[PDB]
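Visitor: The following block contains the structure, expressed as structure tokens.
Each reported figure results from applying straightforward, stated rules to the coordinates on display, with no laboratory input. Positions of Cβ are generated from backbone atoms using ideal geometry, with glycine treated the same way; all protein chains shown enter the neighbour counts.
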Amino acid sequence: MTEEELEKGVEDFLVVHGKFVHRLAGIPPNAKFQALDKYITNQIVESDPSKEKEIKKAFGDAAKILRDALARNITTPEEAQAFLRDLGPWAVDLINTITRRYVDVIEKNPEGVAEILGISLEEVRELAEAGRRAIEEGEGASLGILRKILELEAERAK
């Protein structure tokens, strides 16, 4: 696949990934998570220049997976995980890899997340911590990150 085709897959990922995570959280779309989602996805792509086409291809694959799940009655992480196991272990491992990278990006560049989200470095630490817990619970890092963003956003209206 060309660079243009790989880029359109990453663009498709950002659209369906934001819609699907917000569905699992049960809230209307959040502007701050969308900017974080785009920031993190690009950092994952640029993380390894040697595997750039591979990581881009993985995001295009996840876009087709999440697009299928969006058209089906899947509203909880438990239903999402059972949907991935029916696709096969390849889809479970692909989503997990993406999920583990998501937290890594946060921890490796805490200031960039603090600038994008307009929060403190300690609140970024809470964001990565909340992403580690959600992986342990088997509900994805981005869902636990979104839930913590809503809390920080609600707290910071003080």
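Visitor: Provide, as a two-decimal number, the C-alpha radius of gyration of the range 56-103 over 2.2 N^0.38 Å, N being how many residues it has. Please list the in-between numbers first.
Guide: On the way: Rg = 10.4 Å, N = 48, 2.2 N^0.38 = 9.6 Å.
Against the empirical 2.2 N^0.38 Å value, I get 1.08 for the range 56-103.
Visitor: Distance cut-off 19 Å, Cα to Cα: go down the list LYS8/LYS108; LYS8/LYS57; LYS38/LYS158; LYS8/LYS32; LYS8/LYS51 and report the pairs above it.
Guide: Values: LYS8/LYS108 26 Å; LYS8/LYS57 10 Å; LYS38/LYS158 27 Å; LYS8/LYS32 22 Å; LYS8/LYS51 17 Å.
Too far apart for the 19 Å limit: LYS8/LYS108; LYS38/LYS158; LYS8/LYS32.
Visitor: Tell me what the chain gives for mean residue ellipticity at 222 nm when only DSSP H runs of n ≥ 4 count, each as -39,500 (n - 2.57), the sum divided by the residue total, rounded to 500 deg cm²/dmol.
Guide: Details: 8 runs with 127 residues, N = 158.
Helix contribution divided over all residues of the chain: -26500 deg cm²/dmol.
Visitor: Round to a whole angstrom and tell me the spacing of the C-alpha centers of the range 71-98 and the range 116-146.
Guide: After rounding, the separation between the Cα centres reads 20 Å.
Visitor: Taking K and R as +1 and D and E as -1, what net charge do the other residues with C-beta under 14 Å from the C-beta of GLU3 add up to? Numbers along the way, then the final one.
Guide: Details: positive: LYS8, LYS53, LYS56, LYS57; negative: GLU4, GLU5, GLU7, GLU11, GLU46, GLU52, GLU54.
Net charge around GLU3: -3.
Visitor: Give the Kirkwood hydrodynamic radius (Å, one decimal) of the chain, defined as one over the mean of 1/r across all pairs of different Cα atoms. Provide the component values of the computation, followed by the final result.
Guide: Numbers: mean 1/r = 0.0632 Å⁻¹.
15.8 Å is the Kirkwood radius here.
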